[PDB]
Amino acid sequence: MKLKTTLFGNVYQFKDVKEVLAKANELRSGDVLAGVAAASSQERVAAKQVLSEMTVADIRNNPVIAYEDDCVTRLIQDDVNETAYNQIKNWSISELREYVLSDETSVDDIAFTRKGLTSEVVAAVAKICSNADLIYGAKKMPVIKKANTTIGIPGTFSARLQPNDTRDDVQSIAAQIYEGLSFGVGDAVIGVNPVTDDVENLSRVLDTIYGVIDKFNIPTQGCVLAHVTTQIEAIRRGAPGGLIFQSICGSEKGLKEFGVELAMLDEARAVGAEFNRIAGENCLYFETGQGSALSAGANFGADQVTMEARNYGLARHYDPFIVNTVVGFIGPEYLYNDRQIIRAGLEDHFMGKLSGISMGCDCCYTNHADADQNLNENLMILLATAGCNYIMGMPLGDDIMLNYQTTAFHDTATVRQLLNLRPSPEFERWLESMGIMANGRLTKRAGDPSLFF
């Protein structure tokens, strides 16, 4: 391969594939913090051109953490269809970008081609894509999964009901649930982060969610977003199993930071098949985000975009019902501003869809980052046009307990009625029977949690 190019008479030389992957990124706060960012705009474009001229075999054969030293690398490498790979190994990343974006490339064409990718190659395509490339590219790569709802069908748009409370108070959780359902939020999942990580608290919060689900016969699923080991214990001891959640990271060191082993996720799939109240074949739920490997000391000199793609290669092995990035959940150290949070949101969603997972996004920011609620509404709409499978929903987007701002219940109803998108077909049918939705639109009686009483 070439690791050099000439731009405006100036030779630009890079040490390895990892540096070319790092420096071809659009400017963000975490790349500078990792010490891996481009020194100037000219070197960024030079890294982009070197990357685009590098071949699929070049980047596949140079993963950012080695095969012997990393179980996530091994999992990604071992999942490759080698026949798909051998078709495309001598393509440049430029040609692979133009292949993905082409109207002559069908969903079934990409269905086979993506099996010959690794995560680093997926990242490499995203790095030489513009914002509209990322949106149009993701839109023509739908990923459809099924729990008790079907998510990811083109023309649909789903939402996580996120009814979090400071005390895990079951009246406060139920109140937020009745509110979300009245806006048509919850077809992805009704998903609580608990304050306490123990079995009888998990079971009580699950009883509260499924109390509402069973009373009104809602086609959806519940989730309590504790550590996966505590979920498994609760479900084994006879709590209602819906989705089983784990936060993941794109290296073995990053998983060890999170306290997760791969056999826990294998156990999660087996516990799902025995116990869980799920009609379809997908029951896992992952959350990811740029910066997490950097925070763990577990990026190994790789940029946060490459590391986040490796999350999606990891997630793909376990065929989850849903995955979302949590784009501005951490803070300004990794993504500083409106434009960095938008760009990362579009990158993460494109890379997820290319990896063949059911990719949504927590469009969000923190109060110590340079962002506001207009950012969330900018990003949610852009991602909706990219066929983002789901976003979050909270009352006006205020998380009273995780101390950040995500998207409102209002925002899902807004996006659906703006873009003529529907819920999950099972959940839409329920909304119409409750008198909450007609023809994709909130009725007069909608937006009112008192309707359930």
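Residues carry their position along the shown sequence, with the first being 1.
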Exercise. Comparing 398-406 with 412-420, which stretch shows the greater average C-alpha B-factor in the deposited entry?
Worked result: 398-406
Exercise. Of the two stretches 377-385 and 204-212, which shows the higher Cα B-factor on average in the entry?
Worked result: 204-212
Exercise. Of the choices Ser358, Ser295, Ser102, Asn217, which one's C-alpha carries the largest B-factor in the record?
Worked result: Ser295
Seminar exercise, completed: Listed options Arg160, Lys253, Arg97, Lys146: highest C-alpha B factor recorded at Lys253
Seminar exercise, completed: On the chain's distribution of Cα B-factors, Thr113 falls within the third called lowest
For this session: Classify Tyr334 as lowest, middle or highest third according to the C-alpha B-factor given in the PDB entry, relative to its own chain.
Result: highest
Exercise. Which third of the chain holds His317 when residues are ordered by C-alpha B factor: lowest, middle or highest?
Worked result: middle
For this session: Would you mind ranking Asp169 by its C-alpha B-factor against the rest of the chain and naming the third, lowest, middle or highest?
Result: highest
Problem set entry | Modelled-residue ranking by C-alpha temperature factor, third containing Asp370 | highest
